[PDB]
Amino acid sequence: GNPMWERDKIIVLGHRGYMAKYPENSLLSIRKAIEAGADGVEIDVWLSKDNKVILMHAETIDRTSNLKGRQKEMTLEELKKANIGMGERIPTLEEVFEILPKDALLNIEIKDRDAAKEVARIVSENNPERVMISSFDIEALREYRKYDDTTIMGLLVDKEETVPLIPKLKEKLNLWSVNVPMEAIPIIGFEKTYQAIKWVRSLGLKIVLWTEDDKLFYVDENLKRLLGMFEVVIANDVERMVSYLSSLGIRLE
């Protein structure tokens, strides 16, 4: 189907660019991720008051920037006025596609269903084959699918009750993957998590693994025990992940 995401090699993306070492959701972290050997990056996007797709994880700029405010209620000039760490400014999605290699993977996490239209447009101009759209918000995935029905799409899951719904969401939304947090292993148990992933894969879905704490990849060799059950890992520390996967012999470089 899609040779950019369907590989025999494990895909490594940097979480918010490279948030273990550089400012999150910044243009600097993105370049740094690619140079450390990431296949690409995951970013969080919202829609600004004046209709620009901007990168930011939280619903306010309090925590990562020196200013305050809800970015949905602000314009792009007011936002390019923040410092998000190391002199970086809040980037727009267009700036991200300018910075990235034209072949580099981009996992856009839509945090704002209002952004779906603009995200689909920008994406159609910038080589969609290398884009994955994901969201915890099903209505954001649904809205995205009104504009673009071919781009690779992943459902992010943070609640146990979403899992039985996956077969129907797969059909409603033409899902390629389910994006699973490593935190599920402690919270619901390793074996339950394993069986759940096995079941999702039996539906013909691929698996993206993410986490808020890269320790959870390495403790109790959680990721090693899942070898063969994931296509993509989203790592806060790209260098550590690339080395680790090299050390297992499964991913070159």
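Don't overthink the numbering: it's just position in the shown sequence, from 1.
Of the two segments examined, 204 to 212 and 61 to 69, it is 61 to 69 that shows the higher average Cα temperature factor in the deposited entry. Just going by the entry, 191 to 199 versus 43 to 51 on mean CA temperature factor gives the higher value to 43 to 51. Reading the B-factor column for the CA atoms of 133, 119, 84, 156 in the entry, the top value corresponds to 84.
Of the candidates 88, 109, 160, 139, the one whose C-alpha carries the top B factor in the deposited record is 88. Annotation for residue 143: C-alpha temperature factor in the middle third relative to the rest of the modelled chain, per the entry. In the deposited entry, the Cα temperature factor of residue 126 sits in the middle third of values across the chain's modelled residues.
Annotation for residue 33: CA B-factor lies in the middle third of the chain's modelled residues.
Placement of the Cα temperature factor of residue 240 within the chain: middle third of the modelled residues, per the deposited record. When the CA B factors of the chain's modelled residues are split into thirds, the value for residue 15 lands in the lowest one.
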